[PDB]
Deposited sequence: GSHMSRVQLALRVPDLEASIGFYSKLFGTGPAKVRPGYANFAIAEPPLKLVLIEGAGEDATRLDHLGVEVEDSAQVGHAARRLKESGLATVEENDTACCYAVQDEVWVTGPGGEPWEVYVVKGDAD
């Protein structure tokens, strides 16, 4: 089991927290200056809002797949490299980039 992560760079974190609390009917799980996390049950989603100074509009920061443990990250890392994709792991996460530049990370919290 896993869930997608969607990390957005937003020009107004406070307004965005308010909007997403209403959209998904739940408050943020974690709130800091500069970022907020929502753990949504349905639809399964990890939503990250990152404050972006002098971005005129919301844009994609990165995308992800949130998995249950480090072994799942390792499995994904091995699989993506096998399939010919350039990757970088961190010691848990592995990063790949799509052809138009969109970055993905498979990670465990």
- Message: Taking the deposited sequence as numbered from 1, list the residue ranges that were left without C-alpha coordinates.
- Response: 1-3, 95-103, 122-126
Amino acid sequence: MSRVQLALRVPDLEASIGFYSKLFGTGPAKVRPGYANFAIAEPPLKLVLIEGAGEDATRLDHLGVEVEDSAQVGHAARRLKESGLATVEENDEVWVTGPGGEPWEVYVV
From here on, numbers count along this sequence of modelled residues.
- Task: Report the stretch with the higher mean CA temperature factor, choosing between 78-86 and 43-51 on the basis of the entry.
- Result: 78-86
- Between 93-101 and 19-27, point out the one with the higher average CA B-factor as the PDB entry records it. 19-27
- Which of these has the highest Cα B-factor in the record: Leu8, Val109, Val106, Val4? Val109
- For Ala71, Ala36, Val65, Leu60, the deposited C-alpha B-factor is largest at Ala71
